[PDB]
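Shown next as structure tokens: one chain only, the form solved without this ligand.
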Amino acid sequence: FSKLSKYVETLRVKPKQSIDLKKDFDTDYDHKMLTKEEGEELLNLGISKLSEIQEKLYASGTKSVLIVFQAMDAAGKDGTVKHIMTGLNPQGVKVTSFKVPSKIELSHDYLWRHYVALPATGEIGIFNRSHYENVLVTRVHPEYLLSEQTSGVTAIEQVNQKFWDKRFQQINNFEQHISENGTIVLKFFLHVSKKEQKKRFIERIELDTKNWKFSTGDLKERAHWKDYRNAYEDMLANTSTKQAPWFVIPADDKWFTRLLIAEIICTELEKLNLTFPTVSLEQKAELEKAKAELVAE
């Protein structure tokens, strides 16, 4: 983990930095410290450690954790969320996968459904797709804004850079408020290359046990790749803060993606210095006494 820990620091997006995904963030790390087999063992320790942290977090009831995932189709997002959940307790973890908004949801501001779904003290909430969709798919297809009664947009011509700027400000305000009121916010962008996306799409199409699930509408979003990259770059450049950071994770090799994310969550949550509750003398005496009754039956 020694070398890996330094590399992980590079994946965080600093507040003042500017973003060029093609040029400066590699979708696949060439100087991988370790073998895939070593990586799998490390990931296994990470999930176990993350599990212990979750238990301490549930037992204290002082903070909540919100973890966000955004990615292009076939970046491994869903599978990564899956792998994390299998390791955790279901009692203090909730996954919400946001999809196209319902009628009721469209009658409220775009943040309302996310605010409603936030994690309570002691629990971890995972957003497999978040409020950031409102500056991503909605920026590429501004026509969706016409179905939002609260957006204030009657024609696509009305939307300019100032509108996305205002949303970035709204989002930053929402995340700063929850950060100041107990929530730890960690955001991950899984960054997959165009080439690798293509290779995964073809693999899915070819497998008779995956292709029932393949949706050809994913191809439409692939054709808007440059539009999405611009949406992603502008968002990362304005919504990553020290309090609520974005991490860009290379997604071309899945085992390495998962390892990176687990390492980063552990490291960030380790700053809370969580411990298990201790047993006091009064509590110790009650336990001994309870044990004495069981023996005397």
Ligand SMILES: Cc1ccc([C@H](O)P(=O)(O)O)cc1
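Heads up: residue numbers just count along the shown sequence, starting at 1.
FYI, the form solved in complex with this ligand isn't displayed, but the following is about it.
Exactly one of the stretches 175-183, 87-95, 73-81, 119-127 approaches this ligand in the bound PDB entry with heavy atoms within 4.5 Å, and it is 73-81. At a distance threshold of 4.5 angstroms between non-hydrogen atoms, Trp164 is out of contact with this ligand in the bound PDB entry. Shown alone here, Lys194 lies farther than 4.5 Å from this ligand in the bound PDB entry, counting heavy atoms only. Although the partner is absent here, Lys226 lies well away from this ligand in the bound PDB entry, with no heavy atom inside 4.5 Å.
Of the heavy atoms in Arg222, none are within 4.5 Å of this ligand in the bound PDB entry. With contact defined as any non-hydrogen atom lying within 4.5 angstroms of this ligand in the bound PDB entry, the contacting residues in 195-210 are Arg200, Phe201, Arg204, given in sequence order.
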